[PDB]
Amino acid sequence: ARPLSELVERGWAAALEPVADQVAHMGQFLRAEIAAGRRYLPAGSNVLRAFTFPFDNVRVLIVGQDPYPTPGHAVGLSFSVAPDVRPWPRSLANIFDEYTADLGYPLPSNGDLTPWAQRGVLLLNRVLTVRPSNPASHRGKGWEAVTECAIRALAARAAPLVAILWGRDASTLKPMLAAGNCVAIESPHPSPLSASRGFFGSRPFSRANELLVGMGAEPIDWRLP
């Protein structure tokens, strides 16, 4: 029970100012969900976690759909799990197969993507909560304006940005991001169902670095332990 500035990093609090009202609304929605006896993921204190790393250092945004639907998996950073979670969700296993294929680094030891978030990657979902076992259950309930505002804010900075958009809902952001300082990469989602359609082979990590370097920005260090 805090205002924006307390929920997110200082730069993000400034960026998300237009949606402070909407964030408060979403808190009221989630309260109502609990009152009704429906659950949501991730934990309340993690819902805005992706915005707890500096808005200024963001260079890449990875965007997915909505949080993992299995309790114990979603932690407020898209695609990430806690470092003691295994087996990994299949989407993450597929992401890590593409990581090794693209970059040649060893398979990660765990599924925690916190290093990426600490290095300038925004790990966003288009929708920031979900009911358990019910993927896409909070689509259309008010998060989209919040995540739109985030993206537009990033795209408005006088800095290079690369977006990696995984799946259909993320793909909706592409036109928003398209001024000349912003470059979006789009592919099918890494989940098993969709990955065969073009996630594998997409080389998003090396491509995003080629793009950053070509715009004069530092590349991302993608290495995971």
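By rigid core we mean the largest C-alpha set that fits within 1.5 Å across both forms. Start at 1 with the first residue shown and count on from there.
The rigid core fit leaves 171-179 as the farther-lying stretch in 9 other deposited structures of this protein, judged by Cα positions and set against 171-179 and 42-50.
Taking the root mean square of CA deviations in 9 other deposited structures of this protein after fitting on the rigid core, 62-70 and 192-200 differ, and the farther of the two is 192-200. Set 108-116 against 69-77 and average the Cα temperature factors; 69-77 ends up higher. Taking the PDB entry as given, 83-91 carries the higher mean Cα B factor of the two stretches 83-91 and 123-131. Within the group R38, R31, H189, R49, the record's highest C-alpha temperature factor is found at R38. Sort the chain's modelled residues by C-alpha temperature factor and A1 lands in the highest third, per the entry. Annotation for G64: CA B-factor lies in the lowest third of the chain's modelled residues. Compared with the other modelled residues of the chain, the Cα B-factor recorded for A136 ranks in the highest third.
When all modelled residues of the chain are sorted by CA temperature factor, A217 is found within the middle third. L224: CA B factor in the lowest third of modelled residues in this chain (values from the PDB entry).
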